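[1] Please find the sequence and an experimentally derived structure below.
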2 protein chains.
Amino acid sequence: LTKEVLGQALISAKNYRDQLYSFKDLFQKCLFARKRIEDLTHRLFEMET
Amino acid sequence: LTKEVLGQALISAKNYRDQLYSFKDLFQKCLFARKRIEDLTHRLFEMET
């Protein structure tokens, strides 16, 4: 519980939350792209038919 | 410009950013859904054709 250590930990937590939002964003991109791929493969099979 | 008010304002800004994150999440779903509706209408004209 020291000034420098707690300041660094606070900065670390801020960066943790920011990185978490960025990781969540990447996660959302992966999810959306996955749903896109799902739709694209069903549609592509239909389109082959 | 008072201490308590500034603490409250900091909390307000924090809640603002969090609400913004929730709003962005809903918005990105909406963006994707808008493009979905675009594609669905595209498919619907095609299917009418």
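    On my side now, so go ahead. Numbers count the residues shown, from 1 in each chain, chains lettered A, B, ... in the order given.

[2] Contact distance from chain B - what residues of chain A qualify?
    Within chain A, the residues that sit near chain B (C-beta under 8 Å from any C-beta of the partner chain) are A:21, A:28, A:32. For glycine as for every other residue, the C-beta is placed from the backbone atoms N, C-alpha and C.

[3] in chain A, what residue is nearest chain B?
    Nearest residue of chain A to chain B: residue A:32, at 5.6 Å (C-beta to the nearest C-beta).

[4] Quick one: the helices in chain A, in order.
    In chain A, the helices defined using DSSP state H lie at A:3-48.

[5] what's the burial count for the residue of chain A closest to chain B?
    For residue A:32, the tally of surrounding residues (other C-beta atoms under 10 Å in any protein chain shown) stands at 14.

[6] Quick one: residues contacting it.
    B:28, B:32 (C-beta atoms under 8 Å, 6 or more residues apart in numbering or on different chains).

[7] rerun at 7 Å
    The neighbours of residue A:32, taking C-beta atoms under 7 Å, 6 or more residues apart in numbering or on different chains as the test, are residue B:32.
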